[PDB]
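*Asks:* Following this: a sequence and the matching experimental structure.
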Amino acid sequence: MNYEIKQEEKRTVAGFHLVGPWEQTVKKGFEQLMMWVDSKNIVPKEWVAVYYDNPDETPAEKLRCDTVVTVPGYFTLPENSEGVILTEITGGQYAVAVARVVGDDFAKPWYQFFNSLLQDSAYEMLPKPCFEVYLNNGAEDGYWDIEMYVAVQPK
């Protein structure tokens with residue numbers, strides 16, 4: 001599928017870090033995230049899932065992912081925010097792709113993106129976590145539009 005390279009600034013993110021199979025942790029993490037966001041009246045810039053491992057190579061028990069919201073760099077963590085991490089997603093060049101998910105196959109767009117990026121004659125993927133921004137609320141629209149980011153550098 002299609003994509004283009006963009007120069008991104010770093011992102012300050014707040015939320016939860018989870019270890020284990022994504023079939024359970026991703027959903028779990030976002031549930032905790034929504035409860036926290038609502039309780040603190042936080043206004044997120046983005047709802048994001050960050051992936052640190054390849055699920056076809058790293059054992060499921062060791063998989064890591066973050067379910068967080070992108071906030072301003074000057075964000076002050078609200079009082080009584082136990083268990084919440086506050087860290088950064090680095091800036092740099094990222095290949096960016098947009099896709100629509102109808103159903104529960106959220107892995108499909110990622111596979112399509114990686115296969116297409118592997119054929120790029122000008123850029124190569126870097127050993128950095130990849131992430132996706134959930135553009136809309138699919139729990140209400142019936143479909144999820146996602147924006148995938150994969151770190152790259154010139155070949």
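*Replies:* Happy to help now that I have it. Residues are numbered from 1 along each chain as shown.

*Asks:* which residues of the chain fall in helices?
*Replies:* Remark: helices assigned in the chain by DSSP state H are 22-39, 107-117, 138-141.

*Asks:* Now do the strands in the protein.
*Replies:* For the chain, the strands defined by DSSP state E occupy 4-8, 11-19, 46-51, 64-71, 85-89, 92-101, 123-125, 130-134, 144-154.

*Asks:* Compute the inter-axis angle for the third one and strand 85-89.
*Replies:* Between the axis of strand 46-51 and that of strand 85-89 there is an angle of 80 degrees, by axes from the mean of the first three to the mean of the last three CA atoms, to 10 degrees.

*Asks:* Let me know which of the helices of the chain is the nearest to residue 8.
*Replies:* Nearest to residue 8, of all the helices of the chain, is helix 107-117, at 15.8 Å by CB to CB. The way it works is simple: take the backbone N, C-alpha and C, and place the C-beta from them, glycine included.

*Asks:* now the closest one and strand 144-154, what's the angle there?
*Replies:* Using the same axes, to 10 degrees, helix 107-117 lies at 30 degrees relative to strand 144-154.

*Asks:* Now do helix 107-117 against strand 92-101, angle only.
*Replies:* 140 degrees.

*Asks:* Could you list the buried residues of helix 107-117?
*Replies:* Buried residues in helix 107-117, defined by neighbour count with 16 or more other CB atoms under 10 Å: 109-110, 112-114, 117.

*Asks:* And for stretch 53-73?
*Replies:* Buried residues in stretch 53-73, defined by neighbour count with 16+ other CB under 10 Å: 53, 63-71.

*Asks:* For residue 28, state which of those residues is nearest.
*Replies:* Nearest member of the buried residues of stretch 53-73 to residue 28, counting by CB to CB, is residue 67, at 8.1 Å.
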